[PDB]
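**Q** chains from the complex, first installment, not repositioned:
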Amino acid sequence: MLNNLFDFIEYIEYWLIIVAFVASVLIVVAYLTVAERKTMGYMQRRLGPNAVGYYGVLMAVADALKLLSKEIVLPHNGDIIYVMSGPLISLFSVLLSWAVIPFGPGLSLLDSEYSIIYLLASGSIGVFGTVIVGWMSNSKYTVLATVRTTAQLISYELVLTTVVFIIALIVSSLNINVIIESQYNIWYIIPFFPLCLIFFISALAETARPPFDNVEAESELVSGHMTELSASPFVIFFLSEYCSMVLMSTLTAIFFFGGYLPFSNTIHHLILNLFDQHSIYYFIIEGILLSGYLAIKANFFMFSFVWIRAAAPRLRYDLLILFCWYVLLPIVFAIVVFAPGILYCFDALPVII
Amino acid sequence: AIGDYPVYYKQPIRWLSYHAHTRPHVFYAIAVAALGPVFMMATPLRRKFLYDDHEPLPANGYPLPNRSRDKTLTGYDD
Amino acid sequence: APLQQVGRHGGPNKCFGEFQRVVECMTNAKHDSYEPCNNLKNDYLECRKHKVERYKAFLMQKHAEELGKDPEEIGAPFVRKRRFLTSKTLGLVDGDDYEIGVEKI
Amino acid sequence: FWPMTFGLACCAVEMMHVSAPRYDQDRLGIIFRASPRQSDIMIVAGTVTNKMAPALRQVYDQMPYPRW
Amino acid sequence: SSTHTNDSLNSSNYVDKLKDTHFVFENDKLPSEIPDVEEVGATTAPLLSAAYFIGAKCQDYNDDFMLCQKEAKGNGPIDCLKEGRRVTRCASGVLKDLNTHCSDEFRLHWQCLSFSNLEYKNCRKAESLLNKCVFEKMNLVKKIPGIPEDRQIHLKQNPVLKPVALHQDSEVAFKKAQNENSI
Amino acid sequence: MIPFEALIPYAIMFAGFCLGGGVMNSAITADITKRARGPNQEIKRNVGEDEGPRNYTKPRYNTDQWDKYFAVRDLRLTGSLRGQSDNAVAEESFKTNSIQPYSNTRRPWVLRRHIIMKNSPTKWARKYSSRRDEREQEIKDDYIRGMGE
């Protein structure tokens, strides 16, 4: 057979694309954990993991497989609901939030003019997943990291939501693809540099990364909510924190560094002229290039997640809630009344072309 | 008054300096925010010196000619 | 007067015309009473819910049942799965019956 | 190989030096964990007093299998 | 705008299941009392490519077709059936001309539109060749009403927003005209 | 002194994005193009000898309501939602294949099955009081009561 097998592929083709998409995200997340220790290792004059697989390539494999084969500790044998439900919400939200990220023009699973709302809505479901982990527990350390966890995520959600809305206001579109294409002539890091610092600061808090680390602070509250997590509930929750790191690093690339747009249009043009547009080999190269530009921009921020962790001491929680309210929020509302003013003054109010 | 808190209606200039040193989180958020409405007020200056406003978009449906139907229209008939 | 029944694109929607004709009659000055506008009021309600027209569909369904008329031969052909809007069904000359692509536009 | 930070006395100082740059236990996949739930190796580094003994048994019992 | 409606195809088959949508056909053709017309067979991309030439050639009939809708006072579909066939015949006239005068210039342009998300900003090199060809062989021009001639967008020599990726057939055809024509 | 061992994970994360993007750009483009070649499977797969170079169609984004009307209009002409055709005259099957979807207009399931959301002063009168429905049924009855005139 050859004719009754081709249509089989055409009936399964769009499932292979999704698996290639999910594998694409998980490979980045899996090797983000290694890159965090490999990078933070070399800034501390260490080496980091280089013994598990040649040069430590199989380090995420060992850590995941080690925990996937640990004894799950349930309060009573049939309490799998309590342990898993917390991390499961967190993992689904951040895996569903990947559905709007485009790897090129139009290459996103969900394309709709409400992509920005879908992205902020999905993240807020993950916030609900985080606080549930401790709220079903009697351990004092685990239940400690709910009231402080709840407000930290609540407080820096306003700042992250408003920043996204200012960029959406400059293009007058809540579509991810339109925002990226709107940055052809200029990258929004040049006009809105302060928002990028505010976006990156807020992004750290939302993922509970240091220096906004007070939730899962080893010296303060041990593993935080994870001091009661082991085996699979630990990995799923740990994976969620690194899906968010990859996502929020990609989102900073999209909103301020042009997304998949090339660093040089000339180099992009010269490279693609070596392939014929009438053969599928041209489109693989463009897709590799366009995701390559995003990957390099995204990698720089996954680097900065680790880089700031190796350079800044952890910030005290009481001084952390007052930072986003008494410093960041007035600035963010000041700009949201500033950008419409400048645009109107020069008759440059945006329209979705 | 080497360090006294200024009174706004007697020392307007020093009152802002006190807040531009001790409350940078308030003074420059107000300064940034006011730069928006200030720029809106300078819109008439731009009209007379830089360029006119663009023509408004044709976002009101099909442009209907303001006249009566043509009577001698022929061609493309059945 | 305030705008009511605004379409999803900023213009008048399906039933705005009927509602406007009602307002013209009710606020008119040449009418002694509201009797002449009673039919226009029904049309605006009709435009929105089609209650009288759905009722007419119910009798034509019920009348055919009492006469034995075959539903497949009095009704109109339809397709329930959008993937099977095949070129054979659409009537194209050399159309296959293989399903169509409704994955990504 | 994730141990549990159970350093008690001067033996713990050498335990931290294994994680120092020169030896770098992390390069072999060794990460000290502060909880029995996330640890599978218990390293008793220091003197076990009578007063500490019941706590050591309790911490040991809370480690999920397999444990060393 | 991707809002769900009751009038066309929706986003997903899960919308159809909730609404219990039936996609209903009607075999009945039009009655013989209405003289037949040959419907336009062009797809989306060719129409967007020839839209401004349909506007230049069928301007009188399009205005008259719309003025019939304005003055029909709600009975537009029924009382403008004859005036609606002139527009269909006029537009078929233009697409038939482009196929018999500028077949390669036309096809190159709407292949570019099918390659670049149906956006006019991405296909200026192919579009400029098509406009130049149409002018000499049919006298049609592209004009955007409401602005001065010097400030039309498609004549902008250095646009701010440019395509990210080039159309090979457009760039190859353009430089050939830089030799054939720019003597 | 650039550490290459430190940058190995990044070169693998760079390949992760490229793997996903390279597949999506090419697979979706190939599928869109293939279905835009003709109305049957024996046309889509094979390439004719007298056919010229293949012009791929890139996936479309940032659409509106006209692109939902254009898509169905293209479907009735070529059998694909993104088919290509520039014939000045359509097929004679174009005049008898308009798809008009008919769907119900019933309230959401949650609005009429939730243990709490369905309880309300007016929702009981819709569900258990005949006052509204007897009044409206008069208008339906008087439709057929007026065909005699």
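**A** On my side now, so go ahead. Residues are numbered from 1 along each chain as shown, chains lettered A, B, ... in the order given.
**Q** residue contacts, the residue most central in space within chain F?
**A** The centroid of chain F falls nearest to residue F:68 when counting by C-alpha atoms, centre = their mean (7.4 Å). When contacts are counted by C-beta atoms under 8 Å, 6 or more residues apart in numbering or on different chains, residue F:68 touches E:2, E:8-9. C-beta coordinates here come from the backbone N, C-alpha and C atoms, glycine included.
**Q** so which of those residues reach chain D?
**A** For chain D, no contacts are drawn from the contacts of residue F:68 by C-beta under 8 Å from any C-beta of the partner chain.
**Q** isn't residue A:244 up against residue A:205?
**A** No: taking contacts as C-beta atoms under 8 Å, residue A:244 lies outside contact range of residue A:205: 11.4 Å.
**Q** can you tell me how far the residue lying farthest from the centre of chain C is from chain F?
**A** Largest separation from the mean C-alpha position in chain C: residue C:32, at 34.3 Å (C-alpha atoms, centre = their mean). For residue C:32, the distance to chain F (C-beta to the nearest C-beta, to the nearest Å) stands at 25 Å.
**Q** that residue: what secondary structure?
**A** For residue C:32, the assignment made with DSSP: H, G, I helix; E, B strand; the rest coil gives coil.
**Q** from chain B, how far off is the nearest residue to residue A:182 once chain neighbours are set aside?
**A** Of all residues not flanking residue A:182 in the chain, residue A:171 sits nearest, at 4.3 Å (C-beta to C-beta, 6 or more residues apart in numbering or on different chains). Residue A:171 sits 17 Å away from chain B, going by C-beta to the nearest C-beta.
**Q** and for residue A:171, the neighbour number?
**A** A count of neighbours around residue A:171, defined by other C-beta atoms under 10 Å in any protein chain shown, yields 20.
**Q** residue C:19 too?
**A** 20.
**Q** the helix or strand where it lies and chain F in contact?
**A** For residue C:19, the host element (DSSP states H and E) is helix C:16-26. No: applying C-beta under 8 Å from any C-beta, one finds helix C:16-26 separated from chain F by no less than 15.7 Å.
**Q** ok, and what's touching that helix?
**A** So helix C:16-26 is contacted by C:1, C:4-7, C:12, C:31, C:34, C:36-37, C:40-41, C:43-44, C:46-47, E:74 (C-beta under 8 Å, 6+ apart).
**Q** tell me the contacts of residue F:40?
**A** For residue F:40, the contacting residues are C:87, C:94-96, C:98, F:79, by C-beta under 8 Å, 6+ apart.
**Q** next one is chain G, place it on the structure:
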Amino acid sequence: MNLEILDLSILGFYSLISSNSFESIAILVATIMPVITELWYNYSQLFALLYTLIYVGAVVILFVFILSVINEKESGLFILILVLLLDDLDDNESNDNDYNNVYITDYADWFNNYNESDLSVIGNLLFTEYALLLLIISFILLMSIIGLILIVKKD
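**A** Below is chain G, added to the chains above:
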């Protein structure tokens, strides 16, 4: 197989048996999710996302925030299934049979060449036509900020 029915039957089963406040807050989340999902499909995708952004992201995590503050302290299978089955039988919210059994369509038209999202029109009317409604809302929000602080703040 309209599976949206089975989600609410499970939901309607646990609403009759919830004891503590953990399950009571669970009924809230278990009700919005069918509301959001049944709005995402069918009726309005814009208001499915507005609900997630405003209800789940804003008012739901406030409940669990104060439950940890308030306290955490402290039927028969025949009657429940009997009640749920009785609740299950009659699910017709309206008694216009033709309105519930006869389907309808709309006809599209090309007169709207300026196609923009619903949120474009809603902003177009809320910031122009009903600017009083918008301004009162910011006034109601203002009173809450004052209202919260006077109720809760100690000194």
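**Q** sorry, back to before: please identify the buried residues of the helix holding residue C:19?
**A** Residues of helix C:16-26 classed as buried: C:16-22, C:25 (neighbour count, 16 or more other C-beta atoms under 10 Å in any protein chain shown).
**Q** for chain B, what lies in contact range of chain A?
**A** B:25-26, B:28-30, B:32-33, B:35-40, B:42-43, B:46, B:50-51, B:53-54, B:57.
**Q** now with 6 Å?
**A** Residues of chain B found near chain A (C-beta under 6 Å from any C-beta of the partner chain) are B:25, B:29, B:32-33, B:35-37, B:39-40, B:43, B:53.
**Q** in ChimeraX, select just the buried ones from those residues.
**A** Buried residues within the residues of chain B next to chain A, by 16+ other C-beta under 10 Å, are selected in ChimeraX with:
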select /B:29,32,33,35,36,39,40
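**Q** longest single helix anywhere in chain A?
**A** If you go by DSSP state H, chain A has its longest helix at helix A:3-43.
**Q** contacts for the helix or strand just after it, please.
**A** Using DSSP H and E, the next helix or strand after helix A:3-43 towards the C-terminus is helix A:59-68. Residues outside helix A:59-68 that contact it (C-beta atoms under 6 Å, 6 or more residues apart in numbering or on different chains) are A:30, A:33-34, A:49, A:52, A:231, A:234-235.
**Q** now residue C:12: phi and psi?
**A** Main-chain dihedrals, residue C:12, degrees, to the nearest 10: phi -60, psi 140.
**Q** next, count neighbours for it.
**A** Around residue C:12 there are 16 other residues, counting by other C-beta under 10 Å.
**Q** again with residue E:10
**A** Residue E:10 sits with 23 neighbouring residues when counted by other C-beta under 10 Å.
**Q** ramachandran angles for it?
**A** The phi/psi pair for residue E:10 (degrees, to the nearest 10) is phi -100, psi -170.
**Q** can you give me the distance of the nearest residue in space to it that is not next to it in sequence to residue A:173?
**A** Among residues not flanking residue E:10 along the chain, residue E:4 sits closest, at 5.2 Å (C-beta to C-beta, 6+ apart). Distance, residue E:4 to residue A:173, by C-beta to C-beta, to the nearest Å: 20 Å.
**Q** what distance do you get for residue C:70 to residue G:103?
**A** 20 Å.
**Q** higher neighbour count, these two?
**A** Neighbour count, other C-beta under 10 Å: between residue C:70 and residue G:103, residue G:103 has more, with 17 against 8.
**Q** include this sequence as chain H:
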Amino acid sequence: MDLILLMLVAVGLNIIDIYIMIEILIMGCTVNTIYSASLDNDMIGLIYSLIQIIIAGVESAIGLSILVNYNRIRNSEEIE
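**A** Take a look at chain H, now in place beside the chains above:
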């Protein structure tokens, strides 16, 4: 079935459970408005729904603030 007031069995025995029932009750009103507005292709109904969601949020915040101060009022010894 609900004419015997079944929904009273479905509301828990804490003040916070009443607050949730008020939200689930109002949620039904907004869903009804979104349903009508979309069928009619009317954005005025969607303006109403947006107001209902925003007003239903302010009601929650005030109610919780009263409940929070109600709780601390008992636990107000604070003589340590």
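**Q** take the neighbour count of residue C:12 again, chain H included.
**A** Residue C:12 has 17 neighbours, counted by other C-beta under 10 Å.
**Q** what about it, distance to residue G:109?
**A** 11 Å.
**Q** same deal with residue H:78?
**A** Distance, residue H:78 to residue G:109, by C-beta to C-beta: 69 Å.
**Q** between these two, which has more neighbouring residues?
**A** Ranked by neighbour count (other C-beta under 10 Å), residue H:78 and residue G:109 place residue G:109 first, with 11 against 7.
**Q** ok, residue A:94 - contacts?
**A** Contacts for residue A:94 (C-beta under 6 Å, 6+ apart) come out as A:126, A:240, A:243-244.
**Q** near chain H, list only the ones from the residues you listed.
**A** Near chain H, judged by C-beta under 6 Å from any C-beta, there are no entries from those.
**Q** number of nearby residues for residue E:118?
**A** Using other C-beta under 10 Å, residue E:118 is surrounded by 22 other residues.
**Q** ugh, wrong one, residue D:17
**A** 12.
**Q** the one 4 residues further on now?
**A** Neighbour count for residue D:21, taken as other C-beta under 10 Å: 12.
**Q** now residue A:72
**A** Using other C-beta under 10 Å, residue A:72 has 18 neighbouring residues.
**Q** mind listing what it touches?
**A** Applying C-beta under 6 Å, 6+ apart, the residues near residue A:72 are residue A:231.
**Q** ok, now with 10 Å
**A** Applying C-beta atoms under 10 Å, 6 or more residues apart in numbering or on different chains, we find residue A:72 in contact with A:79-80, A:83-84, A:229-234, D:37, D:64.
**Q** next helix or strand past the helix holding residue C:19?
**A** Counting by DSSP H and E, the element after helix C:16-26 in chain order, helix or strand, is helix C:38-49.
**Q** next, the buried residues of that next one.
**A** Buried, per 16+ other C-beta under 10 Å, within helix C:38-49: C:40-41, C:44-45, C:47-49.
**Q** could you export those residues to CSV, including columns for distance to chain G?
**A** Formatted as CSV, those follow (distance: C-beta to the nearest C-beta, whole Å):
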residue, distance to chain G
C:40, 21
C:41, 19
C:44, 16
C:45, 12
C:47, 11
C:48, 11
C:49, 7
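**Q** ok, so of the residues you listed, who is nearest chain A?
**A** Distance to chain A across the buried residues of helix C:38-49 (C-beta to the nearest C-beta) is lowest for residue C:48, with 26.9 Å.
**Q** pretty sure that closest one sits against residue H:40.
**A** Yes: applying C-beta atoms under 10 Å, one finds residue C:48 in contact with residue H:40, separated by 5.9 Å.
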